[PDB]
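Input: a single structure, listed below in structure tokens.
In the entry's author numbering, the protein residues as written are 7 to 147, 162 to 248.
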């Protein structure tokens with residue numbers, strides 16, 4: 007029972023920065039601690055979830071093994087990087103995700119028409135929920165708006181499964197944006213890649229039913245009454 011934000015890879019959001027408002031909703035059920043030194047399989051001992059909010063330094067094949075072990079051990083991981091993907095972020099995180107069928111592309115999602123927000127990349131997505139059960143908030147068969169700021173789209177193929185899309189009014193249209201991996205009886209290791217680290221920051225989490233989305237992404241990671 008500890009949630010671990012990674013911070014030595016020059017992450018964009020660490021516990022010192024950024025995801026300040028996200029922590030308040032987690033320090034309720036968890037012990038949030040940052041990570042400053044190299045990832046050692048022992049270090050991740052208590053950890054229920056490891057998080058990288060927008061890494062910007064490369065990873066070492068040594069560090070990767072540390073994580074694939076940790077994921078097959080029943081650990082959980084959450085990787086979020088942003089607009090422009092690995093080509094604006096200078097990090098080799100894809101080498102790890104490529105094994106689970108997820109790969110963060112290098113493009114930015116934009117809006118169709120101006121509403122509420124300054125920048126074109128502050129994309130507002132009305133019908134992006136893909137799995138029905140992810141309406142673990144209300145609605146069934162109503163909509164769910166979230167603000168998808170400064171983000172890239174994911175290439176998702178099995179075994180991973182896409183669960184949020186850019187929608188029908190953002191561009192690229194209908195391309196995956198959040199992907200999950202539960203597979204195998206490892207048992208029950210869980211990975212979740214999000215196409216943008218900003219979606220959960222203080223700047224946007226409060227704003228547009230992003231908060232319900234967070235709740236669900238974290239109940240699936242931190243399982244959780246969620247089953248696709």
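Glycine included, each C-beta is placed from N, C-alpha and C at the ideal position.
Within 10 angstroms of the beta-carbon of residue 52 lie fewer than 16 other beta-carbons, which makes it exposed.
Taken atom to atom, the span from the alpha-carbon of residue 162 to that of residue 46 is near 45 Å. Between residue 28 and residue 70, the C-beta gap is not smaller than 7 Å, which leaves the two residues out of contact.
For the set 34, 30, 40 and 15, the Cα lying nearest the Cα of residue 21 is the one of 40. Between the alpha carbons of residue 238 and residue 119 lies a gap of roughly 31 Å. Taking C-alpha positions only, residue 189 is separated from residue 121 by approximately 12 Å.
In the DSSP assignment, residue 86 falls within the beta strand (DSSP E) that extends over 82-86. Ranking 38, 96 and 60 by CA distance to the CA of residue 17 puts 60 first. With fewer than 16 other Cβ atoms inside 10 Å of its own Cβ, residue 205 counts as exposed. In the DSSP assignment, the residues bridged to residue 12 are 41. Of 35, 134, 43 and 64, the smallest CA-CA separation from residue 87 is found for 64.
No Cβ-Cβ contact shorter than 7 Å links residue 143 with residue 30.
Per DSSP, the beta bridge partners of residue 110 are 174.
Between residue 165 and residue 130 a beta carbon distance of about 6 Å is seen, short of the 8 Å cut, so the two are scored as contacting.
Closest option to residue 141, judged by alpha-carbon separation, among 236, 37, 57 and 9: 236.
Across the set 167, 114 and 10, the C-alpha of 167 shows the shortest separation from the C-alpha of residue 234.
Here the alpha carbons of residue 137 and residue 145 stand approximately 13 Å from one another. About 5 Å separates the Cβ atoms of residue 182 and residue 199, confirming a contact at the 8 Å cut-off. Rounded to whole angstroms, the Cβ separation of residue 169 and residue 219 is 6 Å, and the two are in contact under 8 Å.
Straight-line measurement puts the Cα of residue 123 at about 44 Å from the Cα of residue 48. Taking 3 residues as the minimum length, the beta strand (DSSP E) runs contained wholly in the segment 177-216 are 181-185, 196-201 and 210-214, in order along the chain.
With contacts defined by Cβ atoms closer than 7 Å, residue 211 and residue 55 do not form a contacting pair.
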